[PDB]
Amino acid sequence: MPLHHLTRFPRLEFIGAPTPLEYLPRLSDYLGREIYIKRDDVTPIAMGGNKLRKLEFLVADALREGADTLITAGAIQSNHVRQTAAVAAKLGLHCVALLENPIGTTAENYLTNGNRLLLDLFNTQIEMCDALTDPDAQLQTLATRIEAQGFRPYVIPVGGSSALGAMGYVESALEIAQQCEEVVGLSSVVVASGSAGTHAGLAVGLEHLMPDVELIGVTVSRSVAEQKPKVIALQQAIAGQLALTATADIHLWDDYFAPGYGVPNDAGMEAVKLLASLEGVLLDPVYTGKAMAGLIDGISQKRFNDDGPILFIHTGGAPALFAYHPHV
């Protein structure tokens, strides 16, 4: 009932059915606590991912605006850029990508394999830059040039994280609440917290459908201090677009991303190895592996509110496994 204004936003149909919400009996056995998993990694478009949920709203907005070109930005190994390019091809829209090498690697699989390989399969126009120091400003300059060629560009921010994009995860929260109804009482939810639209959309939805559930974001690029205002700003903007208040505090753990965004760490790689070997589930070195490492240590250090069921949001990211191998 309280999420009905969500209906007013046009959206494309990229996913179809709700994504699986599954129990992880072997991980749970190992961790000594019930772990469930929301499989947003399993979507029908170009190897899937959370970003596709945001693109349903973003691209429908682009179509409504008469745009014929999608322009966005990210790392060379961005999942968002890859999903945006797959969607662009499918719809006969052009796609322009402003890419950066965030970790300064020269490893060939990072530079040419994984998500970056797929971009060429999608005929993505690639614009390289030294660094995304000011993505909104750099994306505009790029739009101006694209426009001078006669294209009608729609600019999507980094990670698809705008209030509109984040509606996709307000929607995901609705699925989660329905799937858990009379099946399991969730105590905590864990998701990776990057550009912040996924966290923020979950925050609004869960506040209204599942107010007792504790939502934890595991940062993948930022400290709590840098990250929290970004999540909050989106949270509030989302709530307003829906004519809702959002009074929930935002929780973030920043202990699991060192040495930095896009750099693998030992605990993140152990997390990937653990989910693959115990559950046949594929995480990634950049996002989900670090988030899972966060979940695992949280159980270990008693960081959660209690001993009840945890839901891990699988946001995707697996194509990056191939780019990060063998190293850097």
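Numbers follow the displayed sequence, beginning with 1.
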query	finding
Cross-entry absence of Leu234, a third or more of other PDB entries	no
Missing coords for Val220 in a third or more of other PDB entries	no
Stretch with the greater mean C-alpha B-factor as recorded in the entry, comparing 178 to 186 against 153 to 161	178 to 186
Entry-level comparison of average CA B-factors, 211 to 219 and 130 to 138, reporting the higher stretch	130 to 138
Most elevated Cα B-factor in the entry, residues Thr198, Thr112, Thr245, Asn79	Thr245
Record-listed C-alpha B factor of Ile296: chain third	middle
Where the record places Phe14 (Cα B-factor, split into thirds across the chain)	highest
Modelled-residue ranking by C-alpha temperature factor, third containing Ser28	lowest
Chain-relative CA temperature factor third for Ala73	lowest
Chain-wide C-alpha B factor ranking for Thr288, given as lowest, middle or highest third	lowest
